[PDB]
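Here the structure comes first, spelled out in structure tokens, and everything after it is commentary.
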Amino acid sequence: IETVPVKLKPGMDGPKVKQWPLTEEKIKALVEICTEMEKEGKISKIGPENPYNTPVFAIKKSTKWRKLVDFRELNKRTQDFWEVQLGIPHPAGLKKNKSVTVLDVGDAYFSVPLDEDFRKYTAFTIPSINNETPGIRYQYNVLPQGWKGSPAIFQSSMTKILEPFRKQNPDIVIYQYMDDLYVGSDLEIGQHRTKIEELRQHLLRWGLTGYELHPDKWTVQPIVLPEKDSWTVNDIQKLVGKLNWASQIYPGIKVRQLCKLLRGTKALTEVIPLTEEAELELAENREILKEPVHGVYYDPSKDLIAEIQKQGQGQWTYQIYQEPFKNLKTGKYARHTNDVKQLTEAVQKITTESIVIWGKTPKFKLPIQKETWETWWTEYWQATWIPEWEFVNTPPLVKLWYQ
Amino acid sequence: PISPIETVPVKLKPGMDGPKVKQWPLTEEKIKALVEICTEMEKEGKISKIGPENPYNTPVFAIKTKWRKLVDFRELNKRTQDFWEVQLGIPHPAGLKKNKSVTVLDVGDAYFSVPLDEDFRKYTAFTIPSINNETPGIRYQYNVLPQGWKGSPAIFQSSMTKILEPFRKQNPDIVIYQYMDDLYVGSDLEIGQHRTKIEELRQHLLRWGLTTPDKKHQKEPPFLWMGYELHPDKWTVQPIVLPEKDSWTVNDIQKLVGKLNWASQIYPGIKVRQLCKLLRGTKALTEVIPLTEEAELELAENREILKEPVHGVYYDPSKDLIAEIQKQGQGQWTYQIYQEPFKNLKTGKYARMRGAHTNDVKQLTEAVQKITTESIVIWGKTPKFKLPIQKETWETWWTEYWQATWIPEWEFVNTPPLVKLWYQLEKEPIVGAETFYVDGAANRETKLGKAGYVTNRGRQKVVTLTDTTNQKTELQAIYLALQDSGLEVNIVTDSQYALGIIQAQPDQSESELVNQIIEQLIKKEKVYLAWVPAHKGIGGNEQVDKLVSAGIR
Ligand SMILES: Cc1ccn(Cc2[nH]nc3ncccc23)c(=O)c1Oc1cc(Cl)cc(C#N)c1
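Right, dumping it as structure tokens:
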């Protein structure tokens, strides 16, 4: 099979990312996996003349250990190839479907050889305990799982594999994002589940051997205003602040009447009777809050940002935007689950939604300690992709403004 | 011997050519020494004579009783490609399993025992100049890995890996530690089967041009390796001698700290905070630093720890690791790792400052992360923790904190001082407590400011400050209200900065203003802190704003 030449972006070159320490069990799982891939010719041992490195981890999903290569740096360094040169158009219909099934299709890539002059950039190391031995180093001879260039090259083969199925089912949306297929329909749940089984058989004939979303049922988490009888000084202070903030993002928010009620140096606990003008503006603000943001639109040339807040008792809120308050989507996540397990689950849910909606993973702003997250994320991770992340300190007031 | 192993294909950096650096005319005595060295090396196969068609050159030098040849590979090293970073981490003794028999095999003339890619040999060209540089020089190039060259450590290690591979596949119950040009071989076999398996190893290595010491030349325990002592059933750091001196210079304290830091991996309780504090202040090496009372006390406690020797035990993979942490004092933490009660594998300390304002609960979790990581490196597994924190203290903190926080498997251990939260903030406003509306304002030009409050019960105050910031004035305002209030307080601020600091329950700060605030918060019975936006005509906020703005803004 003839390889497609991968032309790395000018100036900068390959990734030189450190391998993070791995537990004994994960190391062993990786050595067994890699021995096999080496025998099957998928990967081959490398010399020290290869200065490149990308991290490797071991996840589950399953009782089976699976290898996960972090190609985040390689992907950034090949952006011209997979996004502009080659490029998978994202269907706007996918988010409108009653059902979206997610299919792991990454096993396809190993039947397609990688350009001989690009293999060096796919280098990774299996580390050892207490640095007994230098790490086991390998590079790929086939399209690697996790590299954005893989579905880009495999596009043509994927189109052929899918042509009959698509022709027979013209109202089924099939989208390929990295190692997965997103299959959407407006069929009855039983019929949808039947059509995906049919598609698996088509996949099965080429080699390639689910996860069920409901996008039409995806609703916003509006900024909620308290619905109460007796309003305290604190309560309205809390309201004006919540409302003063929403007025930056939402067009048409009014506060003058509510603000007007707070006159003089009063005690926080003092119950102050409401006016039937202030009651009208909160009713109008409520009405704006339940609706989408006016004037906020997706720009394909700009990165997506996701911010998460720990709300306590297994609940988490999140927002997706490109401009710091001009937010495209806001939602929530609910849970023996611990904080890292919960945050891992939430980052993955938000990411699947971003893929469905925009065809782009967001850049996360995680309210955790880098090191905690670095040691722990792999224990609960189950996706075949990894999004980008930053470590932040949730501003105290952002949390309460979102429930 | 020069290994018959396959060569590593070395390349120069993209868009770069080899070095072409002129040889400087040397003394007759230097030229003579180089000629002797080089002819010997040439007979050995290490270097070969070249024609004058090769245009590359690296300078040579002879230093002195014997003469050593020194090749300056600075230019070639700048043109040679980047290599894979050798081994990122070194073996820790505590991660070593206790083996029945262990032998150390150093490889003799390591670099010289491994060939250099034929296509790269041209770039190692050097010239022995003729007397007064009249006649053309004697030109040579390397056939083996040259000392001082960029690729040598990587290419050697990689060749040694390739060679050991078949032996590793057929002898899985034999540990081989690969460190630099040494091999550390351990087995759980009786003397005889190990002395045999080592000869088989020594022999397998000879088939590959690699020479190692024989039984009479092989080192005997205890091994003095990398500042450690490796004994048959224990390990320790080599002798630490704390210098006694009248006057301590910057260099003396620097060396002391290093020695103590090194000793900290086995000797529990080592403290270095007061010694470190002396080092901040740009003073010169030779400059004498008088010790503080506290540094003297810290040194004394350390001399006591070091008095009698301590050792660490090796690793048993069939057993779990227990890690115990103790609060040593301010910002200082000490830990011990063991499998069998009080027979430590290793010890250590944590004494960091993550931010400007923190608490013991945050510090404890930071030390648990540091220990966890360290365990993965050394043993490939996390330890079980024994922490001086009550489960109730932990769940109260985790539950109410904004950050995702997590300690893996733990148990409380009643080892004082215990970890606690020194104060708690109210969730709802207090009935029958005075409501202080606090504000601060600082003129950015004059650097002057005012801080004050207006209460719901008619009170008022305003203090002038001279070398301030808005952040400092807003914190002063909080302090003011905490000082002039009762034992129950409702405080309303427009500063998210201040709100943020206080909501985090700090018990220690770099800021004295924050430590003064903490002292007040602990004293108090109930405190409720609320926030309002600034400059919007909100209640008592507009009133403090005008009060503090007078003259300021
Ligand atoms: C391969 C090996 C295994 C266990 N022990 C720990 C041990 N088990 N049994 C022993 N018997 C005698 C002495 C130590 C012993 C060792 O020391 C050892 O050799 C080394 C490892 C390192 Cl990092 C540096 C040096 C060096 N130089 C030697």
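In order, the protein sequence lines correspond to chains A and B. Residue numbering for the first sequence follows our numbering, beginning at 1 and increasing consecutively. Residue numbering for the second sequence follows our numbering, beginning at 1001 and increasing consecutively. No residue lacks a Cβ here, since even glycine has one placed at the ideal position from N, Cα and C.
Assuming contact is defined by CB atoms lying nearer than 8 Å, are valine 1250 (chain B) and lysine 1283 (chain B) in contact in what I supplied?
Taking the first residue of the second sequence as position 1, residue 1250 (chain B) is located at position 250. Taking the first residue of the second sequence as position 1, residue 1283 (chain B) is located at position 283. Yes, they are a contact pair.
Could you check which residue in A:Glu188, A:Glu307 and A:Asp186 has the C-alpha nearest to that of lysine 329 (chain A)?
Here residue 329 (chain A) refers to the residue found at position 329 when the first sequence is read from its first residue. Minimum Cα distance to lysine 329 (chain A) is reached at A:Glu307.
Relative to the alpha-carbon of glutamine 1336 (chain B), which residue among B:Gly1258, B:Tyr1267 and B:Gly1432 has its alpha-carbon at the smallest distance?
Indexing the second sequence from 1 puts residue 1336 (chain B) at position 336. The shortest Cα separation from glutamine 1336 (chain B) among B:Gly1258, B:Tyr1267 and B:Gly1432 belongs to B:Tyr1267.
Relative to the C-alpha of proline 292 (chain A), which candidate in A:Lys9, A:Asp303 and A:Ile223 has its C-alpha closest?
Within the first sequence, the letter at position 292 stands for residue 292 (chain A). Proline 292 (chain A) has its Cα closest to that of A:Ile223, out of A:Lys9, A:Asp303 and A:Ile223.
Short Cβ contact (8 Å threshold) for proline 1388 (chain B) with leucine 1418 (chain B)
For the purposes of this step, residue 1388 (chain B) is identified with residue 388 of the second sequence, where counting begins at 1. For the purposes of this step, residue 1418 (chain B) is identified with residue 418 of the second sequence, where counting begins at 1. In contact: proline 1388 (chain B) and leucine 1418 (chain B) (Cβ atoms closer than 8 Å).
Starting from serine 354 (chain A), follow the beta strand (DSSP E) in both directions and report where the run begins and ends.
For the purposes of this step, residue 354 (chain A) is identified with residue 354 of the first sequence, where counting begins at 1. From DSSP, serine 354 (chain A) is part of no beta strand (DSSP E) but of the alpha helix (DSSP H) over 339 to 357.
Suppose you measure from the CA of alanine 1442 (chain B) to the CA of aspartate 229 (chain A); what does that come to, to the nearest Å?
Taking the first residue of the second sequence as 1, we reach residue 1442 (chain B) at position 442. Taking the first residue of the first sequence as 1, we reach residue 229 (chain A) at position 229. Just so you know, the alpha carbons of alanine 1442 (chain B) and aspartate 229 (chain A) end up roughly 41 Å apart.
Apart from the five residues on each side of it in sequence, which residues of its chain come closer than 7 Å, Cβ to Cβ, to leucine 199 (chain A)?
Taking the first residue of the first sequence as 1, we reach residue 199 (chain A) at position 199. Spatial neighbours of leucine 199 (chain A) in its own chain (CB-CB distance under 7 Å, excluding positions within 5 residues in sequence) are listed in chain order as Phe165 and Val183.
Backbone CA spacing between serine 301 (chain A) and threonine 384 (chain A) [nearest angstrom]
The residue given as residue 301 (chain A) occupies position 301 in the first sequence. The residue given as residue 384 (chain A) occupies position 384 in the first sequence. For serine 301 (chain A) and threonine 384 (chain A), the distance between alpha carbons rounds to 25 Å.
Supposed contact pair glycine 264 (chain A) and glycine 1539 (chain B) - C-beta distance, whole angstroms, cut 8 Å
By one-based count along the second sequence, residue 1539 (chain B) stands at place 539. By one-based count along the first sequence, residue 264 (chain A) stands at place 264. Contact holds; Cβ gap of about 6 Å.
I'd like the ranges of any beta strand (DSSP E) spanning at least 3 consecutive residues and lying wholly in the region 52 to 118 of chain A.
Counting only runs of 3 or more, we get 56 to 60, 65 to 69 and 99 to 104.
Given the structure, does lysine 1215 (chain B) come close to ligand 1, in the sense that its CB is under 7 Å from one of the ligand's heavy atoms?
Here the question's residue 1215 (chain B) lines up with position 215 in the second sequence. Result no, Cβ not under 7 Å from ligand 1.
Which residues share a DSSP beta bridge with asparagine 1057 (chain B)?
As a position in the second sequence, residue 1057 (chain B) is number 57, starting the count at 1. Beta bridge pairing from DSSP links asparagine 1057 (chain B) with B:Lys1020.
Taking only beta carbons into account, state which residues of the region 219 to 231 of chain A come closer than 8 Å to chain B, listed in chain order.
Hits within the stretch: zero.
Using a Cβ-Cβ distance under 8 Å, would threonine 1161 (chain B) count as near chain A?
On the second sequence, residue 1161 (chain B) is found 161 positions in, with the first residue counted as 1. Against chain A, the CB of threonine 1161 (chain B) has a partner CB under 8 Å away; the residue lies at that interface.
With a threshold of 7 Å, establish whether the CB of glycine 1089 (chain B) neighbours any heavy atom of ligand 2.
Ligand 2 is not among the ligands present in this structure, which contains only ligand 1.
Neighbour-count burial assignment, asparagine 1132 (chain B), 16 or more Cβ in a 10 Å radius
Locating residue 1132 (chain B) in the second sequence gives position 132, counting from the first residue. So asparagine 1132 (chain B) ends up on the exposed side.
Between the region 77 to 90 of chain A and the region 1042 to 1056 of chain B, do three or more beta carbon pairs fall short of 8 Å?
With a cut-off of 8 Å on Cβ pairs, the region 77 to 90 of chain A is not in contact with the region 1042 to 1056 of chain B, counting fewer than three such pairs.
Between the Cα of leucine 1096 (chain B) and the Cα atoms of A:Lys61, A:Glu132 and A:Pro113, which residue gives the shortest distance?
Your numbering for residue 1096 (chain B) matches position 96 in the second sequence. Cα-wise, what sits closest to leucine 1096 (chain B) is A:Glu132.
Short check: CB of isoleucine 1325 (chain B) to CB of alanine 1367 (chain B), under 8 Å?
Taking the first residue of the second sequence as 1, we reach residue 1325 (chain B) at position 325. Taking the first residue of the second sequence as 1, we reach residue 1367 (chain B) at position 367. Yes, the Cβ-Cβ distance between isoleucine 1325 (chain B) and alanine 1367 (chain B) is below 8 Å.
If we define contact as Cβ-Cβ less than 8 Å, is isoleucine 1325 (chain B) a contact residue for chain A?
Within the second sequence, residue 1325 (chain B) is the residue found at index 325, counting from 1. Not one chain A Cβ lies under 8 Å of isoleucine 1325 (chain B).
Using a Cβ-Cβ cut-off of 6 Å (strictly less than) and excluding sequence neighbours within five positions of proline 1153 (chain B), which residues of its own chain qualify?
Locating residue 1153 (chain B) in the second sequence gives position 153, counting from the first residue. Result list for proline 1153 (chain B): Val1086, in chain order.
Confirm the yes/no value for this check: CB of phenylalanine 1167 (chain B), any heavy atom of ligand 1, distance under 7 Å.
Locating residue 1167 (chain B) in the second sequence gives position 167, counting from the first residue. Every heavy atom of ligand 1 is 7 Å or more from the Cβ of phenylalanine 1167 (chain B), so no.
Relative to the C-alpha of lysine 1150 (chain B), which candidate in B:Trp1084, B:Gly1137 and B:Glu1134 has its C-alpha closest?
Taking the first residue of the second sequence as position 1, residue 1150 (chain B) is located at position 150. Per the Cα distances, B:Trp1084.
Is it right to say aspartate 1439 (chain B) is buried, meaning 16 or more other beta carbons lie within 10 angstroms of its own, or is it exposed?
Mapped onto the second sequence, residue 1439 (chain B) falls at position 439. Counting other Cβ atoms within 10 Å of its Cβ, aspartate 1439 (chain B) reaches 16 or more and is therefore classed as buried.
With DSSP as the reference, identify every bridge partner of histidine 1357 (chain B), one or two as the case may be.
Taking the second sequence and counting its residues from 1, the one referred to as residue 1357 (chain B) is at position 357. For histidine 1357 (chain B), the pairing in a beta bridge is given by DSSP as B:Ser1509.
With DSSP as the reference, please indicate the residues paired to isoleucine 43 (chain A) in a beta bridge.
Working through the first sequence from its first residue, we reach residue 43 (chain A) at position 43. Looking at the DSSP assignment, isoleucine 43 (chain A) forms a beta bridge with A:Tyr140.
For the alpha helix (DSSP H) that contains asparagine 1302 (chain B), what are its first and last residues?
Residue mapping note: residue 1302 (chain B) aligns to position 302 of the second sequence, counting from 1. Run containing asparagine 1302 (chain B): 1293 to 1306, per the alpha helix (DSSP H) assignment.
With a threshold of 8 Å between beta-carbons, can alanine 1154 (chain B) be considered close to chain A, or not?
The sequence position of residue 1154 (chain B) within the second sequence is 154, counting from 1. A Cβ of chain A is located within less than 8 Å of the beta carbon of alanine 1154 (chain B).
Which residues, in chain order, does the region 1451 to 1464 of chain B contribute to contact with chain A at a C-beta distance below 7 Å?
For the region 1451 to 1464 of chain B, residues whose beta-carbon sits nearer than 7 Å to a beta-carbon of chain A comprise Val1454, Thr1455 and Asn1456.
By how many angstroms is the C-alpha of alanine 1356 (chain B) removed from the C-alpha of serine 1511 (chain B)?
Walking along the second sequence from the start, residue 1511 (chain B) turns up at place 511. Walking along the second sequence from the start, residue 1356 (chain B) turns up at place 356. Straight-line Cα distance between these residues: approximately 7 Å.
Chain-ordered neighbours of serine 1158 (chain B) on chain A, where CB pairs are closer than 7 Å:
For the purposes of this step, residue 1158 (chain B) is identified with residue 158 of the second sequence, where counting begins at 1. Within chain A, the residues near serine 1158 (chain B) are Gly47 and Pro48.
Of the choices B:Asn1515, B:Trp1379, B:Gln1328 and B:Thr1127, whose alpha-carbon is the least far from that of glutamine 1363 (chain B)?
To locate residue 1363 (chain B), count along the second sequence from 1; it is residue 363. Distance from the Cα of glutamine 1363 (chain B) is smallest, within the candidate group B:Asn1515, B:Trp1379, B:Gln1328 and B:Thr1127, for B:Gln1328.
What separation, rounded to the nearest whole angstrom, lies between the Cα atoms of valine 1071 (chain B) and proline 55 (chain A)?
Residue 1071 (chain B) sits at position 71 when you count from the first residue of the second sequence. Residue 55 (chain A) sits at position 55 when you count from the first residue of the first sequence. Distance between the alpha carbons of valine 1071 (chain B) and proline 55 (chain A): 37 Å.
Check whether the Cβ of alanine 1356 (chain B) lies closer than 8 Å to any Cβ atom in chain A.
For the purposes of this step, residue 1356 (chain B) is identified with residue 356 of the second sequence, where counting begins at 1. Output row for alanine 1356 (chain B): interface = no.
For residue 944 (chain B), does the three-state DSSP call read helix, strand or coil?
In this structure chain B extends from 1001 to 1553, so residue 944 (chain B) is not present and cannot be described.
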